[PDB]
């Protein structure tokens, strides 16, 4: 599946750290020495998770170009698209979608990327997720949709986007 782990070499740990820190040269060097592009830490995060979380667009692109799993799940069920939407990185959201990210993947608690972007009020990311087929009816473990979250937070601008776009 989209879960890896099982070994955990320090070469893979170096790639995870370099990807999260946005070191383009070191990521290039480590991959040339055979670093697994899909390595995981104790939480199940891959280098693509950490580059998307920390907002490093150029690292995200070189990882995807070398066979990084765009839909990898960590132990909480979070995909790189979840993290890009949660941390508000619009261009990374777009690149992930362009590489086949599952727009409607849900984590352990049932949150989709649309849920996270709505909770944090990232209006443009919500619009982009909707254009790529985000499910407005998807409910989390509390039975709440992305639209319900915008109504409970009184974000009428976000609620209007979730209804008409």
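Positions refer to the first chain, counted from 1.
Look at the C-alpha B-factors of 24-32 and of 120-128. On average they run higher in 24-32.
Take 98, 115, 49, 56 and read off each C-alpha B-factor from the entry; 98 has the highest. Annotation for residue 94: C-alpha temperature factor in the middle third relative to the rest of the modelled chain, per the entry. Ranked within its chain, residue 75 lands in the highest third, by CA B factor from the PDB record.
Sort the modelled residues of the chain by CA B factor and residue 11 lands in the highest third. Residue-level temperature factors show residue 158 in the lowest third of its chain, judged at the C-alpha atom.
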